[PDB]
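See below for protein-v3.txt, which holds compact mmCIF, N, CA and C atoms.
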# COMPACT_ATOMS: atom_id res chain seq x y z
N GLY A 751 0.83 -1.23 0.00
CA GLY A 751 0.00 0.00 0.00
C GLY A 751 0.85 1.26 0.00
N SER A 752 0.45 2.23 -0.80
CA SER A 752 1.19 3.48 -0.92
C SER A 752 0.74 4.48 0.13
N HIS A 753 1.70 5.18 0.73
CA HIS A 753 1.40 6.17 1.76
C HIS A 753 0.97 7.49 1.14
N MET A 754 1.89 8.43 1.07
CA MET A 754 1.64 9.75 0.52
C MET A 754 2.97 10.43 0.22
N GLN A 755 3.64 9.95 -0.81
CA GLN A 755 4.98 10.42 -1.12
C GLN A 755 4.97 11.32 -2.36
N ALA A 756 5.38 10.77 -3.49
CA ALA A 756 5.51 11.56 -4.71
C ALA A 756 4.51 11.10 -5.77
N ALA A 757 4.01 12.05 -6.53
CA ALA A 757 3.08 11.76 -7.61
C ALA A 757 3.72 12.09 -8.95
N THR A 758 4.19 11.07 -9.65
CA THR A 758 4.85 11.27 -10.92
C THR A 758 3.88 11.80 -11.97
N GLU A 759 4.08 13.05 -12.35
CA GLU A 759 3.20 13.74 -13.28
C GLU A 759 3.26 13.10 -14.66
N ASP A 760 4.45 12.64 -15.03
CA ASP A 760 4.68 12.02 -16.33
C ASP A 760 4.38 10.52 -16.28
N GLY A 761 3.94 10.05 -15.12
CA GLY A 761 3.59 8.65 -14.96
C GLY A 761 4.79 7.73 -14.97
N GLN A 762 5.94 8.24 -14.53
CA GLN A 762 7.17 7.45 -14.48
C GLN A 762 7.00 6.20 -13.62
N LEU A 763 6.13 6.28 -12.62
CA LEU A 763 5.87 5.15 -11.74
C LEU A 763 5.32 3.97 -12.54
N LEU A 764 4.50 4.25 -13.53
CA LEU A 764 3.92 3.20 -14.36
C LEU A 764 4.81 2.93 -15.57
N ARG A 765 5.36 4.00 -16.13
CA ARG A 765 6.21 3.90 -17.31
C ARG A 765 7.44 3.04 -17.03
N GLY A 766 8.02 3.21 -15.85
CA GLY A 766 9.17 2.42 -15.47
C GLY A 766 8.79 1.17 -14.70
N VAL A 767 8.26 1.36 -13.49
CA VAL A 767 7.96 0.24 -12.60
C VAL A 767 6.83 -0.62 -13.15
N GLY A 768 5.76 0.03 -13.60
CA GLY A 768 4.63 -0.70 -14.14
C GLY A 768 5.03 -1.62 -15.28
N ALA A 769 5.82 -1.09 -16.21
CA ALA A 769 6.29 -1.87 -17.35
C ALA A 769 7.24 -2.98 -16.91
N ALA A 770 8.16 -2.65 -16.01
CA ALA A 770 9.13 -3.62 -15.51
C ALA A 770 8.44 -4.74 -14.74
N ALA A 771 7.48 -4.36 -13.90
CA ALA A 771 6.72 -5.32 -13.12
C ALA A 771 5.92 -6.24 -14.03
N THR A 772 5.29 -5.65 -15.04
CA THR A 772 4.49 -6.40 -16.01
C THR A 772 5.33 -7.47 -16.70
N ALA A 773 6.57 -7.13 -17.02
CA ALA A 773 7.48 -8.07 -17.65
C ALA A 773 7.67 -9.31 -16.78
N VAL A 774 7.74 -9.10 -15.47
CA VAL A 774 7.89 -10.20 -14.53
C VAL A 774 6.62 -11.03 -14.45
N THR A 775 5.47 -10.36 -14.29
CA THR A 775 4.18 -11.04 -14.24
C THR A 775 3.97 -11.90 -15.49
N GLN A 776 4.38 -11.38 -16.63
CA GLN A 776 4.26 -12.10 -17.89
C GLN A 776 5.23 -13.27 -17.93
N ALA A 777 6.51 -12.99 -17.65
CA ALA A 777 7.55 -14.02 -17.69
C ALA A 777 7.22 -15.16 -16.74
N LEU A 778 6.73 -14.82 -15.55
CA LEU A 778 6.34 -15.81 -14.56
C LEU A 778 5.26 -16.74 -15.11
N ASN A 779 4.24 -16.14 -15.71
CA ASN A 779 3.13 -16.91 -16.26
C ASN A 779 3.58 -17.74 -17.45
N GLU A 780 4.45 -17.16 -18.27
CA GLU A 780 5.01 -17.85 -19.43
C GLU A 780 5.73 -19.11 -19.00
N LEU A 781 6.65 -18.94 -18.06
CA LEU A 781 7.45 -20.05 -17.56
C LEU A 781 6.58 -21.06 -16.82
N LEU A 782 5.64 -20.57 -16.02
CA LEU A 782 4.79 -21.43 -15.21
C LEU A 782 4.07 -22.47 -16.05
N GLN A 783 3.34 -22.02 -17.07
CA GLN A 783 2.60 -22.93 -17.93
C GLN A 783 3.54 -23.80 -18.75
N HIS A 784 4.72 -23.26 -19.04
CA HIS A 784 5.73 -23.98 -19.81
C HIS A 784 6.34 -25.11 -18.98
N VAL A 785 6.64 -24.84 -17.72
CA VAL A 785 7.23 -25.84 -16.83
C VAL A 785 6.19 -26.86 -16.41
N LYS A 786 5.00 -26.38 -16.04
CA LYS A 786 3.93 -27.24 -15.52
C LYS A 786 3.41 -28.20 -16.59
N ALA A 787 3.84 -28.01 -17.83
CA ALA A 787 3.45 -28.90 -18.91
C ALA A 787 4.66 -29.59 -19.52
N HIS A 788 5.80 -29.50 -18.84
CA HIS A 788 7.04 -30.06 -19.36
C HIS A 788 7.92 -30.59 -18.24
N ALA A 789 9.18 -30.84 -18.57
CA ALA A 789 10.19 -31.30 -17.62
C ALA A 789 9.90 -32.72 -17.15
N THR A 790 10.88 -33.32 -16.51
CA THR A 790 10.71 -34.66 -15.98
C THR A 790 10.47 -34.60 -14.48
N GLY A 791 9.27 -34.98 -14.06
CA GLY A 791 8.91 -34.93 -12.66
C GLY A 791 9.72 -35.89 -11.81
N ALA A 792 10.84 -35.40 -11.30
CA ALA A 792 11.71 -36.19 -10.45
C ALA A 792 12.28 -35.32 -9.34
N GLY A 793 11.43 -34.98 -8.38
CA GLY A 793 11.84 -34.09 -7.31
C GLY A 793 11.49 -32.65 -7.62
N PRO A 794 12.44 -31.72 -7.43
CA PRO A 794 12.24 -30.30 -7.75
C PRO A 794 12.34 -30.04 -9.25
N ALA A 795 11.53 -30.76 -10.01
CA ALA A 795 11.54 -30.68 -11.46
C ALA A 795 10.15 -30.95 -12.00
N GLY A 796 9.72 -30.14 -12.95
CA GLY A 796 8.38 -30.27 -13.49
C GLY A 796 7.46 -29.16 -13.03
N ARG A 797 7.76 -28.57 -11.88
CA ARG A 797 6.97 -27.46 -11.36
C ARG A 797 7.63 -26.83 -10.13
N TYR A 798 7.46 -25.52 -10.00
CA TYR A 798 7.94 -24.78 -8.83
C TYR A 798 6.85 -23.80 -8.40
N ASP A 799 5.68 -24.35 -8.10
CA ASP A 799 4.48 -23.54 -7.88
C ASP A 799 4.66 -22.52 -6.76
N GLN A 800 5.27 -22.94 -5.67
CA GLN A 800 5.48 -22.07 -4.52
C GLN A 800 6.39 -20.90 -4.87
N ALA A 801 7.44 -21.19 -5.64
CA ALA A 801 8.40 -20.16 -6.02
C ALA A 801 7.74 -19.09 -6.88
N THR A 802 6.99 -19.53 -7.88
CA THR A 802 6.33 -18.62 -8.79
C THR A 802 5.22 -17.84 -8.08
N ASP A 803 4.49 -18.54 -7.21
CA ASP A 803 3.42 -17.92 -6.43
C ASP A 803 3.97 -16.80 -5.55
N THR A 804 5.11 -17.05 -4.93
CA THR A 804 5.75 -16.07 -4.07
C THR A 804 6.17 -14.83 -4.86
N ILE A 805 6.69 -15.04 -6.06
CA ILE A 805 7.14 -13.95 -6.91
C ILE A 805 5.98 -13.06 -7.33
N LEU A 806 4.98 -13.65 -7.99
CA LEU A 806 3.82 -12.90 -8.49
C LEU A 806 3.20 -12.03 -7.40
N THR A 807 3.03 -12.60 -6.21
CA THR A 807 2.47 -11.85 -5.08
C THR A 807 3.31 -10.61 -4.78
N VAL A 808 4.62 -10.75 -4.90
CA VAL A 808 5.54 -9.64 -4.65
C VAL A 808 5.39 -8.57 -5.73
N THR A 809 5.41 -8.98 -6.99
CA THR A 809 5.29 -8.05 -8.10
C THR A 809 3.96 -7.31 -8.04
N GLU A 810 2.90 -8.05 -7.74
CA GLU A 810 1.57 -7.47 -7.63
C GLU A 810 1.48 -6.53 -6.44
N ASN A 811 2.24 -6.82 -5.39
CA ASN A 811 2.30 -5.95 -4.21
C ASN A 811 2.90 -4.60 -4.58
N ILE A 812 3.90 -4.63 -5.46
CA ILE A 812 4.53 -3.41 -5.94
C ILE A 812 3.53 -2.58 -6.74
N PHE A 813 2.65 -3.26 -7.46
CA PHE A 813 1.59 -2.59 -8.21
C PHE A 813 0.67 -1.83 -7.26
N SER A 814 0.32 -2.47 -6.15
CA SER A 814 -0.54 -1.86 -5.16
C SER A 814 0.16 -0.70 -4.45
N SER A 815 1.47 -0.84 -4.26
CA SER A 815 2.25 0.16 -3.54
C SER A 815 3.04 1.05 -4.50
N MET A 816 2.51 1.22 -5.71
CA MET A 816 3.17 2.02 -6.73
C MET A 816 3.15 3.50 -6.35
N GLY A 817 4.24 3.96 -5.76
CA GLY A 817 4.34 5.34 -5.35
C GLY A 817 4.80 5.49 -3.91
N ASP A 818 4.86 4.37 -3.19
CA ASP A 818 5.32 4.40 -1.80
C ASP A 818 6.83 4.40 -1.73
N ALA A 819 7.44 3.95 -2.82
CA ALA A 819 8.90 3.87 -2.96
C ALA A 819 9.51 2.82 -2.03
N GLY A 820 9.41 3.06 -0.72
CA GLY A 820 10.03 2.18 0.25
C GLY A 820 9.50 0.76 0.19
N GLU A 821 8.18 0.62 0.24
CA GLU A 821 7.55 -0.69 0.15
C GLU A 821 7.88 -1.36 -1.18
N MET A 822 8.03 -0.55 -2.22
CA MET A 822 8.36 -1.05 -3.54
C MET A 822 9.73 -1.71 -3.55
N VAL A 823 10.72 -0.99 -3.04
CA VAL A 823 12.09 -1.50 -2.98
C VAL A 823 12.17 -2.72 -2.07
N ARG A 824 11.42 -2.68 -0.97
CA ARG A 824 11.38 -3.80 -0.03
C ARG A 824 10.94 -5.08 -0.74
N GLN A 825 9.79 -5.01 -1.40
CA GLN A 825 9.27 -6.16 -2.13
C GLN A 825 10.19 -6.52 -3.29
N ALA A 826 10.74 -5.51 -3.95
CA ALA A 826 11.65 -5.74 -5.08
C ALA A 826 12.89 -6.52 -4.65
N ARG A 827 13.34 -6.29 -3.42
CA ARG A 827 14.49 -7.01 -2.88
C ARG A 827 14.13 -8.47 -2.62
N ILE A 828 12.88 -8.71 -2.25
CA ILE A 828 12.37 -10.07 -2.08
C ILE A 828 12.19 -10.73 -3.45
N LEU A 829 11.71 -9.93 -4.40
CA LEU A 829 11.54 -10.36 -5.78
C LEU A 829 12.85 -10.94 -6.33
N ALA A 830 13.93 -10.20 -6.14
CA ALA A 830 15.24 -10.62 -6.61
C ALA A 830 15.62 -11.99 -6.05
N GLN A 831 15.37 -12.19 -4.76
CA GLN A 831 15.69 -13.44 -4.10
C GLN A 831 14.83 -14.58 -4.63
N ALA A 832 13.53 -14.32 -4.73
CA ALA A 832 12.57 -15.34 -5.16
C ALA A 832 12.84 -15.80 -6.59
N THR A 833 13.00 -14.86 -7.51
CA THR A 833 13.21 -15.19 -8.91
C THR A 833 14.54 -15.90 -9.14
N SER A 834 15.59 -15.44 -8.46
CA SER A 834 16.91 -16.04 -8.62
C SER A 834 16.89 -17.51 -8.20
N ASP A 835 16.11 -17.82 -7.18
CA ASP A 835 15.96 -19.19 -6.71
C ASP A 835 15.18 -20.01 -7.74
N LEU A 836 14.14 -19.40 -8.29
CA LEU A 836 13.33 -20.04 -9.32
C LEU A 836 14.18 -20.36 -10.55
N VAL A 837 14.90 -19.36 -11.04
CA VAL A 837 15.74 -19.51 -12.22
C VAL A 837 16.81 -20.59 -12.00
N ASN A 838 17.42 -20.57 -10.82
CA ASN A 838 18.45 -21.54 -10.47
C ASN A 838 17.89 -22.96 -10.48
N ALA A 839 16.65 -23.11 -10.01
CA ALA A 839 15.99 -24.41 -10.00
C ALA A 839 15.78 -24.92 -11.42
N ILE A 840 15.33 -24.03 -12.30
CA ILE A 840 15.13 -24.35 -13.70
C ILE A 840 16.44 -24.74 -14.37
N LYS A 841 17.51 -24.04 -13.99
CA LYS A 841 18.84 -24.31 -14.52
C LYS A 841 19.24 -25.76 -14.27
N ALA A 842 18.90 -26.27 -13.10
CA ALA A 842 19.20 -27.66 -12.74
C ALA A 842 18.25 -28.62 -13.44
N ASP A 843 16.98 -28.25 -13.50
CA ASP A 843 15.95 -29.06 -14.15
C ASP A 843 16.30 -29.31 -15.62
N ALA A 844 16.66 -28.24 -16.31
CA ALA A 844 16.98 -28.30 -17.73
C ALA A 844 18.21 -29.16 -18.01
N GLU A 845 19.05 -29.35 -17.00
CA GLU A 845 20.26 -30.14 -17.15
C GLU A 845 19.93 -31.61 -17.36
N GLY A 846 18.87 -32.06 -16.71
CA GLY A 846 18.49 -33.46 -16.80
C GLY A 846 17.10 -33.64 -17.37
N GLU A 847 16.76 -32.81 -18.35
CA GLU A 847 15.46 -32.90 -18.99
C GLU A 847 15.48 -33.93 -20.11
N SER A 848 14.33 -34.52 -20.38
CA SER A 848 14.20 -35.52 -21.42
C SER A 848 14.00 -34.85 -22.79
N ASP A 849 13.53 -33.61 -22.77
CA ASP A 849 13.39 -32.83 -24.00
C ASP A 849 14.40 -31.70 -24.00
N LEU A 850 15.47 -31.88 -24.77
CA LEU A 850 16.57 -30.92 -24.79
C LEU A 850 16.20 -29.64 -25.53
N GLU A 851 15.07 -29.65 -26.23
CA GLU A 851 14.53 -28.43 -26.79
C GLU A 851 13.82 -27.66 -25.69
N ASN A 852 12.99 -28.37 -24.93
CA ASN A 852 12.25 -27.77 -23.82
C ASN A 852 13.21 -27.18 -22.80
N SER A 853 14.29 -27.90 -22.51
CA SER A 853 15.27 -27.43 -21.55
C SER A 853 15.90 -26.12 -22.02
N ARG A 854 16.15 -26.03 -23.32
CA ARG A 854 16.68 -24.82 -23.91
C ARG A 854 15.69 -23.67 -23.74
N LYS A 855 14.42 -23.95 -24.04
CA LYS A 855 13.34 -23.00 -23.82
C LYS A 855 13.31 -22.56 -22.37
N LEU A 856 13.46 -23.55 -21.50
CA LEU A 856 13.44 -23.35 -20.06
C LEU A 856 14.41 -22.27 -19.62
N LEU A 857 15.63 -22.39 -20.09
CA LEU A 857 16.69 -21.48 -19.71
C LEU A 857 16.54 -20.13 -20.41
N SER A 858 15.84 -20.12 -21.53
CA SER A 858 15.52 -18.88 -22.22
C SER A 858 14.47 -18.11 -21.43
N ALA A 859 13.43 -18.82 -21.00
CA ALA A 859 12.37 -18.22 -20.19
C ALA A 859 12.91 -17.81 -18.82
N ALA A 860 13.77 -18.65 -18.26
CA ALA A 860 14.40 -18.36 -16.98
C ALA A 860 15.25 -17.10 -17.07
N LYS A 861 15.83 -16.86 -18.24
CA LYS A 861 16.59 -15.65 -18.47
C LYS A 861 15.69 -14.43 -18.33
N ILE A 862 14.54 -14.46 -19.01
CA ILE A 862 13.57 -13.37 -18.94
C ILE A 862 13.11 -13.16 -17.50
N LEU A 863 12.92 -14.26 -16.78
CA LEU A 863 12.52 -14.20 -15.37
C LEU A 863 13.47 -13.32 -14.57
N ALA A 864 14.75 -13.66 -14.61
CA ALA A 864 15.76 -12.92 -13.86
C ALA A 864 16.01 -11.55 -14.46
N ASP A 865 15.99 -11.48 -15.79
CA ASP A 865 16.25 -10.24 -16.51
C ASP A 865 15.21 -9.18 -16.17
N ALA A 866 13.95 -9.59 -16.16
CA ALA A 866 12.86 -8.68 -15.83
C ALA A 866 12.89 -8.32 -14.35
N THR A 867 13.34 -9.25 -13.52
CA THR A 867 13.46 -9.00 -12.09
C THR A 867 14.51 -7.92 -11.82
N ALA A 868 15.61 -7.97 -12.57
CA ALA A 868 16.64 -6.94 -12.47
C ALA A 868 16.09 -5.60 -12.89
N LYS A 869 15.28 -5.61 -13.94
CA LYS A 869 14.64 -4.39 -14.43
C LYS A 869 13.61 -3.89 -13.42
N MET A 870 12.97 -4.82 -12.73
CA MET A 870 11.99 -4.49 -11.71
C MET A 870 12.67 -3.83 -10.52
N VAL A 871 13.74 -4.44 -10.04
CA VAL A 871 14.53 -3.87 -8.95
C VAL A 871 15.14 -2.54 -9.40
N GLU A 872 15.44 -2.46 -10.69
CA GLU A 872 15.98 -1.26 -11.31
C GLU A 872 14.95 -0.13 -11.28
N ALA A 873 13.74 -0.45 -11.72
CA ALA A 873 12.66 0.53 -11.80
C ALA A 873 12.19 0.95 -10.41
N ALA A 874 12.04 -0.02 -9.51
CA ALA A 874 11.57 0.26 -8.16
C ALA A 874 12.51 1.22 -7.44
N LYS A 875 13.81 1.06 -7.68
CA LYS A 875 14.81 1.94 -7.08
C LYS A 875 14.85 3.28 -7.80
N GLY A 876 14.76 3.24 -9.13
CA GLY A 876 14.85 4.45 -9.92
C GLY A 876 13.68 5.38 -9.72
N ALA A 877 12.50 4.82 -9.51
CA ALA A 877 11.29 5.62 -9.34
C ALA A 877 10.90 5.72 -7.87
N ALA A 878 11.89 5.65 -6.99
CA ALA A 878 11.65 5.76 -5.56
C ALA A 878 11.59 7.22 -5.12
N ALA A 879 10.79 8.01 -5.84
CA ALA A 879 10.63 9.43 -5.57
C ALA A 879 11.98 10.16 -5.61
N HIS A 880 12.51 10.52 -4.45
CA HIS A 880 13.82 11.13 -4.36
C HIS A 880 14.75 10.21 -3.58
N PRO A 881 15.66 9.53 -4.29
CA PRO A 881 16.54 8.51 -3.70
C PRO A 881 17.71 9.10 -2.91
N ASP A 882 17.41 10.03 -2.01
CA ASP A 882 18.42 10.56 -1.11
C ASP A 882 18.45 9.73 0.17
N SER A 883 19.11 8.59 0.09
CA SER A 883 19.21 7.69 1.22
C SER A 883 20.64 7.63 1.76
N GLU A 884 21.59 8.09 0.95
CA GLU A 884 23.00 8.05 1.32
C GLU A 884 23.63 9.43 1.22
N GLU A 885 22.91 10.44 1.71
CA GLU A 885 23.37 11.83 1.66
C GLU A 885 23.73 12.22 0.23
N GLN A 886 22.72 12.28 -0.62
CA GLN A 886 22.91 12.52 -2.04
C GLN A 886 23.13 14.00 -2.34
N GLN A 887 24.26 14.52 -1.88
CA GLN A 887 24.66 15.90 -2.14
C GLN A 887 23.59 16.89 -1.69
N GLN A 888 23.41 17.00 -0.38
CA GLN A 888 22.48 17.96 0.17
C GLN A 888 23.12 19.34 0.18
N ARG A 889 22.32 20.37 -0.06
CA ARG A 889 22.83 21.73 -0.09
C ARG A 889 22.03 22.61 0.86

Can I see the file as structure tokens?
Amino acid sequence: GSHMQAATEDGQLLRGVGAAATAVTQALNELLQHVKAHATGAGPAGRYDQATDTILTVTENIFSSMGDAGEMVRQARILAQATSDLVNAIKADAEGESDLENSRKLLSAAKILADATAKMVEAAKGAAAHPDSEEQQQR
């Protein structure tokens, strides 16, 4: 939830964070249906429902808190952790997949997962109103 910080007149909150977040929501869904219909079910392979569920909730939380800055970065930091774990899991899954085309797809989609997450953490930080957290040249 957003408090009462900055109101981006040019809509930078949506232009940057909204777009970056959307990329994650899309990538997550893309990979989810792709994994849940593929891979060899042998342990942590074939699906990572909890991992993806945790991510989406975080990205969607940023949507709700679009403009709070602090809550955005907080969730974005969780996003980075969640997605990196998801991608890493896929990396291992694809190593021992029965469909070496699917595994290739897997790591391609996993790339977008982490790539969009970096952009999300990028946008959440960039559009954090005024990022004077480390004495950013006060006058």

Measuring between only N, CA and C atoms, which one of A:792, A:811, A:873, A:866 shows the shortest distance to residue 765 of chain A? A:873

Quick one: residues within 8 Å of segment 767-783 of chain A, only C-alpha atoms, excluding same-chain residues fewer than 5 positions away - as an MDAnalysis selection string? chainID A and resid 762 797:799 802 805:806 809:810 812:813 816 856 859:860 862:863 866:867 869:870 873:874 877

Per DSSP on the backbone, filter chain A down to the residues in helix (DSSP H, G or I) and report them as number ranges by chain. A: 762-785, 799-814, 820-846, 850-876

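Residues lying within 12 Å of residue 879 of chain A, counting only C-alpha atoms and ignoring same-chain neighbours fewer than 2 positions away, are residues 754, 755, 756, 757, 758, 759, 761, 762, 763, 767, 816, 817, 818, 819, 820, 822, 823, 873, 874, 875, 876, 877, 881, 882 and 883 of chain A.
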
Write out, as a compact mmCIF listing (two decimals), keeping the file's coordinate frame, the residues just selected, with N, CA and C atoms.
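As a result, selection.txt now contains:
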# COMPACT_ATOMS: atom_id res chain seq x y z
N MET A 754 1.89 8.43 1.07
CA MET A 754 1.64 9.75 0.52
C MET A 754 2.97 10.43 0.22
N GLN A 755 3.64 9.95 -0.81
CA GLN A 755 4.98 10.42 -1.12
C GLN A 755 4.97 11.32 -2.36
N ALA A 756 5.38 10.77 -3.49
CA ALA A 756 5.51 11.56 -4.71
C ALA A 756 4.51 11.10 -5.77
N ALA A 757 4.01 12.05 -6.53
CA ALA A 757 3.08 11.76 -7.61
C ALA A 757 3.72 12.09 -8.95
N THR A 758 4.19 11.07 -9.65
CA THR A 758 4.85 11.27 -10.92
C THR A 758 3.88 11.80 -11.97
N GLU A 759 4.08 13.05 -12.35
CA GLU A 759 3.20 13.74 -13.28
C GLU A 759 3.26 13.10 -14.66
N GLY A 761 3.94 10.05 -15.12
CA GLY A 761 3.59 8.65 -14.96
C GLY A 761 4.79 7.73 -14.97
N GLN A 762 5.94 8.24 -14.53
CA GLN A 762 7.17 7.45 -14.48
C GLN A 762 7.00 6.20 -13.62
N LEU A 763 6.13 6.28 -12.62
CA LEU A 763 5.87 5.15 -11.74
C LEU A 763 5.32 3.97 -12.54
N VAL A 767 8.26 1.36 -13.49
CA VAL A 767 7.96 0.24 -12.60
C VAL A 767 6.83 -0.62 -13.15
N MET A 816 2.51 1.22 -5.71
CA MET A 816 3.17 2.02 -6.73
C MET A 816 3.15 3.50 -6.35
N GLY A 817 4.24 3.96 -5.76
CA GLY A 817 4.34 5.34 -5.35
C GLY A 817 4.80 5.49 -3.91
N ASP A 818 4.86 4.37 -3.19
CA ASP A 818 5.32 4.40 -1.80
C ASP A 818 6.83 4.40 -1.73
N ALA A 819 7.44 3.95 -2.82
CA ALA A 819 8.90 3.87 -2.96
C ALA A 819 9.51 2.82 -2.03
N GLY A 820 9.41 3.06 -0.72
CA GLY A 820 10.03 2.18 0.25
C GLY A 820 9.50 0.76 0.19
N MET A 822 8.03 -0.55 -2.22
CA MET A 822 8.36 -1.05 -3.54
C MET A 822 9.73 -1.71 -3.55
N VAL A 823 10.72 -0.99 -3.04
CA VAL A 823 12.09 -1.50 -2.98
C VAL A 823 12.17 -2.72 -2.07
N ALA A 873 13.74 -0.45 -11.72
CA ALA A 873 12.66 0.53 -11.80
C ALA A 873 12.19 0.95 -10.41
N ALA A 874 12.04 -0.02 -9.51
CA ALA A 874 11.57 0.26 -8.16
C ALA A 874 12.51 1.22 -7.44
N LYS A 875 13.81 1.06 -7.68
CA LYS A 875 14.81 1.94 -7.08
C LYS A 875 14.85 3.28 -7.80
N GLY A 876 14.76 3.24 -9.13
CA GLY A 876 14.85 4.45 -9.92
C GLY A 876 13.68 5.38 -9.72
N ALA A 877 12.50 4.82 -9.51
CA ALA A 877 11.29 5.62 -9.34
C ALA A 877 10.90 5.72 -7.87
N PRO A 881 15.66 9.53 -4.29
CA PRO A 881 16.54 8.51 -3.70
C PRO A 881 17.71 9.10 -2.91
N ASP A 882 17.41 10.03 -2.01
CA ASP A 882 18.42 10.56 -1.11
C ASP A 882 18.45 9.73 0.17
N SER A 883 19.11 8.59 0.09
CA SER A 883 19.21 7.69 1.22
C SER A 883 20.64 7.63 1.76

Would you mind reading off the distance between atom N of residue 808 of chain A and atom C of residue 871 of chain A, one decimal, in Å? 14.1 Å

Enclose all atoms of segment 837-856 of chain A listed in the file in an axis-aligned box, grow every side by 6 Å, and hand back centre and edge lengths in Å to one decimal, as JSON.
{"center_x": 16.3, "center_y": -27.4, "center_z": -18.4, "size_x": 20.0, "size_y": 28.2, "size_z": 28.8}

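With atom C of residue 826 of chain A on one side and atom N of residue 840 of chain A on the other, the separation reads 19.3 Å.
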
Using Å and a single decimal, report how far atom CA of residue 838 of chain A sits from atom N of residue 878 of chain A. 28.2 Å

Any chance you could model N, CA, C and O atoms for segment 845-858 of chain A and send them as a short mmCIF file (atom, residue, chain, number, x, y, z; two decimals), in the frame of the given file?
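Saved to out_34.cif:
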data_model
loop_
_atom_site.label_atom_id
_atom_site.label_comp_id
_atom_site.auth_asym_id
_atom_site.auth_seq_id
_atom_site.Cartn_x
_atom_site.Cartn_y
_atom_site.Cartn_z
N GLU A 845 19.05 -29.35 -17.00
CA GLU A 845 20.26 -30.14 -17.15
C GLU A 845 19.93 -31.61 -17.36
O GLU A 845 20.62 -32.32 -18.10
N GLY A 846 18.87 -32.06 -16.71
CA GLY A 846 18.49 -33.46 -16.80
C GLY A 846 17.10 -33.64 -17.37
O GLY A 846 16.34 -34.50 -16.92
N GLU A 847 16.76 -32.81 -18.35
CA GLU A 847 15.46 -32.90 -18.99
C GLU A 847 15.48 -33.93 -20.11
O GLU A 847 16.52 -34.17 -20.73
N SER A 848 14.33 -34.52 -20.38
CA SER A 848 14.20 -35.52 -21.42
C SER A 848 14.00 -34.85 -22.79
O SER A 848 14.26 -35.46 -23.83
N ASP A 849 13.53 -33.61 -22.77
CA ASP A 849 13.39 -32.83 -24.00
C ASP A 849 14.40 -31.70 -24.00
O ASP A 849 14.22 -30.69 -23.32
N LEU A 850 15.47 -31.88 -24.77
CA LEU A 850 16.57 -30.92 -24.79
C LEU A 850 16.20 -29.64 -25.53
O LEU A 850 16.93 -28.65 -25.49
N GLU A 851 15.07 -29.65 -26.23
CA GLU A 851 14.53 -28.43 -26.79
C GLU A 851 13.82 -27.66 -25.69
O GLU A 851 14.04 -26.46 -25.52
N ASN A 852 12.99 -28.37 -24.93
CA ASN A 852 12.25 -27.77 -23.82
C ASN A 852 13.21 -27.18 -22.80
O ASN A 852 12.96 -26.09 -22.27
N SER A 853 14.29 -27.90 -22.51
CA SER A 853 15.27 -27.43 -21.55
C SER A 853 15.90 -26.12 -22.02
O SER A 853 16.12 -25.21 -21.24
N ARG A 854 16.15 -26.03 -23.32
CA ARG A 854 16.68 -24.82 -23.91
C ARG A 854 15.69 -23.67 -23.74
O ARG A 854 16.06 -22.57 -23.32
N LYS A 855 14.42 -23.95 -24.04
CA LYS A 855 13.34 -23.00 -23.82
C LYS A 855 13.31 -22.56 -22.37
O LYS A 855 13.18 -21.38 -22.05
N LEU A 856 13.46 -23.55 -21.50
CA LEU A 856 13.44 -23.35 -20.06
C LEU A 856 14.41 -22.27 -19.62
O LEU A 856 14.04 -21.35 -18.90
N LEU A 857 15.63 -22.39 -20.09
CA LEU A 857 16.69 -21.48 -19.71
C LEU A 857 16.54 -20.13 -20.41
O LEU A 857 17.06 -19.12 -19.94
N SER A 858 15.84 -20.12 -21.53
CA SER A 858 15.52 -18.88 -22.22
C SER A 858 14.47 -18.11 -21.43
O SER A 858 14.61 -16.91 -21.20
#
